[PDB]
Every structure is written in structure tokens, then in C-alpha cells.
Amino acid sequence: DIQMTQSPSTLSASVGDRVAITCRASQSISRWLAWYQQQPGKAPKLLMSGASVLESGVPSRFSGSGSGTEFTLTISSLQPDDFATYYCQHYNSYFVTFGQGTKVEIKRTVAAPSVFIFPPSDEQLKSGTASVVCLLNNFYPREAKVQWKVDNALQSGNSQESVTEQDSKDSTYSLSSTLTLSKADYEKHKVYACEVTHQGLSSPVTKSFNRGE
Amino acid sequence: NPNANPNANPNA
Amino acid sequence: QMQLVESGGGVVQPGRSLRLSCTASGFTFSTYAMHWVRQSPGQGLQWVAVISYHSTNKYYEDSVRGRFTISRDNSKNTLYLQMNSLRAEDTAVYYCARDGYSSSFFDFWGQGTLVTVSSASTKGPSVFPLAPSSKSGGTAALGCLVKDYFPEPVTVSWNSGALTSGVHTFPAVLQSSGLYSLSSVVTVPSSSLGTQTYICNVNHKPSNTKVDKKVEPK
């Protein structure tokens, strides 16, 4: 019944920053509001309840405020451990709901991706399928677009993407896109290209190969 | 709250 | 030490049933209401059900009411979730959580157990080479594509762990077939393509499939 909306969905900041996350409830819940932190591969952990009451062991740089419908989680000075995903949760009734979560990621300078394209191996072609892979390496920000073209024919719905978490050393992202074609369709066409668009690129960059050549 | 006895909660 | 140990998860077929367990130690299990909370991969948190300290009160979220049943055995310090008529929408990590303040929020969680609702069958991956291009004085990229395996996970290392810098192993993606696929990639100097050999070591324990694939310039 009660919808919890968090904002922003993603937040970019650096160590030493003051950051604020907002949580809006579609209905009055007084101060019955809890905040949770979740690191990758870890169960969530309670930070506050009653909007503002810290759990033992939670650094006091965390603090919550608000009443009724709008609530704020504040971090006075961001520390390395604080980069994670944050959820709010109401307990105005038994039937609790969470916000969709706010991920706090590391801000850095723009970095354009290095683009590589890989043809299908001959080992794979012997099986009846061909996978064409396009690699976007060490870029920032996370937003990037990959277009596949086979003999100038735009491919739509037959590729899948995967993105890494922020690198632990340089805080960049990497993306891998795979184009799936049948072995027969792969043999009927010559030019295989993936075109990449990204803030760090003055114009889109295209990497391509000619089958067998 | 390990010290809270749920058998002695007068709010129930 | 306070801990909540969960078990009973794994792959289950749609329409079938499954019981999750969560065993408590280091605190008085019998004085706390206990919850189940789930999180689907890549998604947020969702509360499932609660049971009072002496089992008198049980509540469920809409999507599971009538299919899931929660219970407990205080003499064993154990919490149960009986899941019936399982659907693809029930795939998630299932956490048990203590209601330390008796207020429908969660101050202590177990580390969760994964439940995968699928009809796909256990299958080891094919490991194909992503060979470096001939048009690569500076930096070159190579990898290996591990295709069509189930269930998760697979592990990937390079040169039996000796090569970790520049390594990106991507999250698996689920194909319409029901099988997973992932790519592992590393960037190396182009000047080292004729000298240094590059082996990606794939291990898919569910099928006992271990593959060492050399990735060479074609």
C-alpha cells in the first residue's frame, strides 16, 4: 500500500564529501523509518531506526532526519567504506516496504572507453553458433551505448550486455557486449562492427572486422 | 533488546 | 557470537516446493519475532513474512500469501519457510532477519541462501578464445568466453592466478535458453603476445568441469 521512493537512484561523490539521500513515503509514517547499508555480496545492515536513532557501532558521521513523508540520510564526511547501496524502509505497519535503493559511487574524471572487437572462434563455429564480442574498457561515467551492425544492418534484440562494478584502483567501468548469430547467418555477411558512444568521445568510435580476413 | 520479556509486554 | 545460518536453497523447478531453514545461535531465539526478506539478483529488498515469538501471529506479503508458510521450532532455534507453487518470480537470495526491537524492522541478518527457480539442467561451459587482433606498439586485449552453463557460478583466473592486473571478469548474463554466459578479459602489452602465454582457468564446480584454455594470436 505504501510506496517508498528514494532519490537520487545513483549518487557520485568523493571521499571527504557531505552527501544526502532522500526517501519519500506515499503516505504519513511519522518517524517509523529505517535505513540500511548493503555492500556487494553482503547482507544488508541496519544503520538507523526511528528516522534518527543510530545502531551501536554505526559511525556518527551518519545521521538521519525528517518526519511524516520526507526523510534524509546524511553522511557528513564520506569515507571509503561508505560507497555502497542504501535502502529506506517504513514500519508503519506489519507489511513493510523498501525504497528501490540509492547507490553511492566514486566520482572521477571523464575517461573514454578503449574499444575492442572479437570475431567468433573457429572452435565455436563448428557447433552452429557464432558469438561476436565487443569490449569497452576502463571508461567513466557508466553510461555508454553499443550498436551492432552486420553489413550495415542494425542488430536489435540479439545481443546482451554486462558491466563491471567500479574498478577498485581507478574507479572506472568496463562493458562487454555479445552478439549472437547463427553460423549460417554469420557466413552470409562480411563486415561486423560495433559502434560506441560515450561522453568522453568527441564522436562515436567504430571497431570492425571482415569475416575470415 | 535481550532484556525485554515478550510475555510481559502490557501493549499486547 | 550471534549468527543466523540459512540452508535448504538451490535450484528448484517451477511449480515445485522447497523448504528453507535458518538456525540461530548466540541469542535467545524464542523471545524474538523473525522475518524472511528476499532480494532478486540485481534488484532491491522485499519483505516476505514474519512469525511472532510463540508462533501465534503470522503475516505474509501479497505476492506469496497462500503459497508460502512460515514456522519455527524454538526448541531447535530454527526458522522455516515452506515455499510452494514456486514461480520464476521467486528467484532470489532469501535472508532471515531478527526483529530485535519487536517493531517490524531488522537489526540482524543472516547471509542469505540463493533460490533459483528454473527448469534448466546442470551443464558445464564451453570455453572459447577471444584472440587478440593482428591490428593491435601499445596495448592489446584478449580473453575467453565461457558459454552455456548452469547453474551459477563459474570462477575464472588467468595463468593460475599469476595474472590479476588488468583483469575484468564480467557478470554472467542469462540467455533465453536458460543457460548463463560470461566473458573474462585482460589487457596486456602488444609486445608480449609472442612471448608470454595466456591461460584462462575456468572452474564450474556444479558440473565438475575444469578447463585451461590457451588464448593465442591467430
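Reading the values: the criteria
Residues numbered from 1 in each chain as written, not as in the entry; some residues may be left out. Chains lettered and ligands numbered in written order. Heavy atoms only, no water. Residues with missing side-chain atoms left out of burial classes, pairs and counts. Helix = DSSP H or I, 4+ residues; strand = E, 2+ residues; numbered from the N terminus. Rg over C-alpha atoms; globule rule 2.2 N^0.38 Å. Domains from an automatic or database assignment. Buried area = accessible area lost by both parts, 1.4 Å probe. Salt bridge = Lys/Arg side-chain N within 4 Å of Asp/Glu carboxyl O. Polar contact = N/O pair within 3.5 Å; in protein donor to acceptor, adjacent residues only side chain to side chain. Nonpolar A, V, L, I, M, F, W, Y, C, P; charged D, E, K, R; others polar. Disulfide = S-S within 2.5 Å. Buried < 20%, exposed > 50% of the residue type's maximum accessible area, 1.4 Å probe, protein only. Contact = heavy atoms within 4.5 Å. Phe/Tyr/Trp six-rings, centres within 6.5 Å; stacked < 30°, edge-to-face > 60°. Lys NZ or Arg CZ within 6 Å of the ring centre and 35° of its normal. Pairing = 2+ DSSP bridges. Axes fitted to C-alpha atoms, helices over the stretch in contact; angles between N-to-C directions. 1 Å grid on protein atoms, 1.4 Å probe; cavity = no way out; pocket = protein on both sides within 12 Å on 5 of 7 lines; lining within 4 Å. Points joined across faces, edges and corners; volume = space filled by probe spheres on them.

1. Quick word on the overall build of chain C
- The number of helices and strands found in chain C is zero helices and 19 strands.
- In terms of C-alpha radius of gyration, chain C reaches 23 Å, well past the compact-globule figure of 17 Å for 218 residues.
- In terms of its C-alpha atoms, chain C occupies a principal-axis envelope of roughly 70 × 35 × 25 Å.

2. Structural notes on the domain arrangement of chain C
Residue and element names in this part refer to chain C.
- Looking at chain C, the domain boundaries give domain 1 (1–119) and domain 2 (120–218).
- Computed from C-alpha atoms alone, the centre-to-centre distance between domain 1 and domain 2 is 36 Å.
- Taken over both partners, the interface formed by domain 1 and domain 2 buries close to 310 Å², and the fraction arising from carbon and sulfur atoms is 56%.
- On the domain 1 side of the interface with domain 2, the three residues burying the most area are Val11, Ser118 and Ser119, jointly 81% of the side's total.
- Our count for the domain 1 to domain 2 interface comes out at zero salt bridges.
- The tally of links between domain 1 and domain 2 comes to one residue pair in polar contact.
- Among the residues making up the side of domain 1 that touches domain 2, the classes are represented as one nonpolar, three polar and no charged.

3. Thoughts on the state of the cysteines
- With the rule as written, the count across this model stands at four disulfides over all chains.
- Note on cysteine connectivity: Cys23 of chain A is disulfide-linked to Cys88 of chain A, with sulfurs 2.0 Å apart. In this structure, the disulfide formed by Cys23 of chain A and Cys88 of chain A twists by about 80 degrees around the S-S bond and is classed as right-handed. Residue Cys23 of chain A is found in strand β3 (residues 19–25), and its partner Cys88 of chain A is found in strand β9 (residues 85–90); the two are separated by 65 residues along the sequence.
- Look at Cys23 of chain A and you get buried, because its relative accessible area is 0%.
- You can call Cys88 of chain A buried: its relative accessible area is 0%.
- Residue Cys144 of chain C pairs covalently with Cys200 of chain C via a disulfide, S to S 2.0 Å. Across the S-S bond of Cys144 of chain C and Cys200 of chain C the torsion is about 110 degrees, and the bridge reads as right-handed. Here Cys144 of chain C is found in strand β13 (residues 139–149), whereas its partner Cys200 of chain C is found in strand β18 (residues 199–204), with 56 residues between them in sequence. Comparing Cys144 of chain C with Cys200 of chain C shows no difference in burial state: the two are buried.
- For chain C, numbering the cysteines in disulfides from first to last along the sequence yields the connectivity 1-2, 3-4.
- The disulfide pattern of chain A is 1-2, 3-4 when the bonded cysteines are numbered in sequence order.

4. As for the interface of chain B and chain C
- Across the contact, four residues belong to chain B and six residues belong to chain C.
- Buried area between chain B and chain C, both sides added, is near 470 Å², and the carbon and sulfur share of it is 41%.
- Taken together, the connections running from chain B to chain C amount to two residue pairs in polar contact.
- Among the residues forming the side of chain B that touches chain C, the class breakdown is two nonpolar, two polar and no charged.

5. Comments concerning the packing of aromatic side chains
- Across all of its chains, the model carries 21 aromatic pairs over all chains by this definition.
- Their ring planes at 20 degrees and their centres at 5.4 Å tell us that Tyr101 of chain C and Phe105 of chain C sit as a pair that is stacked.
- By the ring-pair criterion, three or more aromatic residues cluster together here, those being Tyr36 and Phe98 of chain A together with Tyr95, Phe106 and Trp109 of chain C.
- It is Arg98 of chain C that lies over the ring of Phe27 of chain C; its NZ or CZ is 5.2 Å from the centre.

6. A short note on the interface of chain A and chain C
- Across the contact, 39 residues belong to chain A and 41 residues belong to chain C.
- In this assembly, chain A packs against chain C so that about 3,400 Å² is buried in total across both faces, 63% of it on carbon and sulfur atoms.
- For the chain A face of the interface with chain C, the top three residues by lost area are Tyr94, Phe98 and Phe118 of chain A, together amounting to 16%.
- The interface formed by chain A and chain C contains two salt bridges.
- Between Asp122 of chain A and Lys218 of chain C there is a salt bridge, with its nearest N and O atoms 2.6 Å apart.
- Taken together, the links from chain A to chain C amount to 13 residue pairs in polar contact.
- Listed by contribution, the elements that provide at least two residues to the side of chain A that touches chain C are β4 (33–38), β5 (45–49), β9, β11 (114–118), α1 (122–125), β12 (129–139), β15 (159–163) and β16 (173–182) of chain A.

7. A short note on the sheet that holds strand β7 (residues 68–73) of chain C
All names here are of chain C.
- Read across the open sheet, the four strands follow the order β1-β3-β8-β7; overall the sheet is antiparallel. Both edges of this open sheet fall to β1 (3–7) and β7, since each of them pairs with a single strand only. Between one strand axis and the next, the sheet turns by 15 degrees as a mean value, whatever way the strands run.

8. Some details on the environment of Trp158 of chain C
- Along the chain, the position of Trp158 of chain C falls in strand β14 (residues 155–158).
- C-alpha separation for the pair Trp158 of chain C and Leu193 of chain C, spaced 35 residues apart in sequence, amounts to 15 Å.

9. Considerations on empty space enclosed by the protein
- Considered as a void within the structure, the largest cavity measures approximately 30 Å³ in volume.
- In this structure, the largest cavity is lined by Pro119, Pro120, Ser121, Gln124 and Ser131 of chain A together with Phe128, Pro129, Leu130 and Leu145 of chain C.
- Top element by residues in the lining of the largest cavity is strand β12 (residues 126–130) of chain C. It accounts for three residues.
- In terms of residue class, the lining of the largest cavity is built from six nonpolar, three polar and no charged.

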